[PDB]
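Accompanying notes for the structure given below.
Chains as they are written, first to last, in the entry's author numbering: chain B, 4 to 137, 274 to 328, 339 to 351, 369 to 427; chain A, 467 to 662.
Written as structure tokens, this is what we have:
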């Protein structure tokens, strides 16, 4: 539940971007290999699909499927055993802004995709499979945000609430629990910003993602919350979607008014 | 004095029947009413009082059933029949005094819930808390970080879709509303300014 849900978080981010992107002409390889299997079986299966795929008559499409099956196969070959229970591969080139595509090939070991074997070559990625790696979840979420609200109903002075403030509190000394909004719209170039970048004339990660990888080096304790609950929506639209319950009052310095200059 | 009748019920039956209680103004047989907020125009071709008898016209305070003519596929219970000269106001943003009642934790900007203004019922969320109030209803000059049980406060509220309403100062009924975290009634309040 602890650092487990933190992973489910990332899976949810992935599935979200896969079904988001679309390619033309059935050329998107999705491949899921359950544990206990041998790689060689699927390897020289794609090999067959390669022969089969060679009857298409759609030069532009055929050629596409060929290079996708190939791109998968010799990626799959890189593994020597279906790693401790699970292997997932999404592959193919997907349309992009500016009209220039970008061949995409993800492969990763999940957390026991029990019995779920699957090959598919559609014009989109099939994430239904992944769905198994995903209100007990909401009650904890609501319970957590309320724990945070108490620090406001009590004025205690343990909490923040704010990007520049929560980051500083984390940066400085300690925060007990970091509350972050799943779909937080924040990029970490250190100066933080949202999608207010088309106007400004300002390594380059998503704050959301950077926290998921470094929070450990700070004491917390990180929880991703969704704006499903009433609490969530509050926590998001009312408190920037990012905050923390500290232990112990700080003075939030660096920096702005007080000034004075 | 504009006509105002919040549609409480709507049903078909060889003709549409909108029924409500006239809250202001009057309506005559063969007149044109406006359905707010959708700005649909309808013709009124009959008025029937509680005795099920037709009448030539109803003043306000009357409980009537109206038989209307015209496209109404969009007319829903909660909308308001009004005159095409001074149609009742409708908006998605408004400011309002709010007495917080049973509200089991806190209340801050992101707070969303169900608002029942008149015949209507609608999803509402707080936009901003503007002031707090004490005993002699005073205007705290710092906006409240949050709100709590039994606390007077004045905030800004947003709705997904337009709802007809009026300043409590102008039409008490069109201005009162209660709020429900629809477990229970968390607050009551009155509209103090329609934001366009």
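Built from N, CA and C at the ideal position, the CB exists for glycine as well.
Contact annotation for residue 481 of chain A against chain B: no contact, minimum CB-CB distance about 42 Å [criterion: below 8 Å].
Residue 299 of chain B and residue 606 of chain A have their C-alpha atoms spaced approximately 23 Å apart. Counting only Cβ-Cβ distances below 7 Å, residue 403 of chain B has contacts in chain A at 575 and 576, in chain order. Rounded to whole angstroms, the gap between the alpha carbons of residue 406 of chain B and residue 37 of chain B is 40 Å. Under a criterion of Cβ atoms nearer than 9 Å, the residues of chain A adjacent to residue 292 of chain B are, in order, 571, 572, 612 and 614. At least one CB of chain B lies nearer than 9 Å to the CB of residue 647 of chain A. Neighbours of residue 288 of chain B in chain A, taken as residues whose beta carbon is under 9 Å from its own, are 571, 572, 574 and 612 in chain order. The continuous beta strand (DSSP E) containing residue 498 of chain A extends over residues 497-502. For residue 48 of chain B, the nearest beta carbon of chain A is not closer than 9 Å to its own beta carbon.
Ranked by Cα distance from residue 398 of chain B, the options B:41, B:84, B:279 and B:117 are led by B:279. Residue 579 of chain A belongs to the set of residues whose beta carbon lies under 9 Å from a beta carbon in chain B. When Cβ-Cβ separations below 9 Å define contact, residue 591 of chain A makes contact with chain B. Only exposed fits residue 523 of chain A, as fewer than 16 other CB atoms lie within 10 angstroms of its CB. Contact annotation, residue 95 of chain B with residue 46 of chain B: C-beta distance approximately 18 Å; criterion of less than 8 Å not satisfied. Taking each of B:15, B:393 and B:277 in turn and checking the Cα distance to residue 578 of chain A, the smallest one comes out for B:393. The beta carbon of residue 415 of chain B sits no closer than 9 Å to any beta carbon of chain A.
A residue is called buried when at least 16 other Cβ atoms come within 10 angstroms of its Cβ; residue 99 of chain B does not meet this threshold and is exposed. Taking the C-beta atoms as reference points, residue 90 of chain B is found no nearer than 9 Å to residue 11 of chain B. Secondary structure at residue 107 of chain B: strand, using DSSP grouped into helix, strand and coil.
Proximity of residue 306 of chain B to chain A, defined by a Cβ-Cβ separation below 9 Å, is not satisfied. Beta-bridge partners assigned by DSSP to residue 400 of chain B: none are found. Linking residue 483 of chain A to residue 534 of chain A through their CA atoms gives a straight-line distance of about 6 Å.
Listed along chain A, no residue sits closer than 9 Å to residue 279 of chain B by beta-carbon distance, the nearest being about 16 Å off. For residue 399 of chain B, the neighbours in chain A by C-beta distance under 9 Å run, in chain order, 576, 577, 578 and 591.
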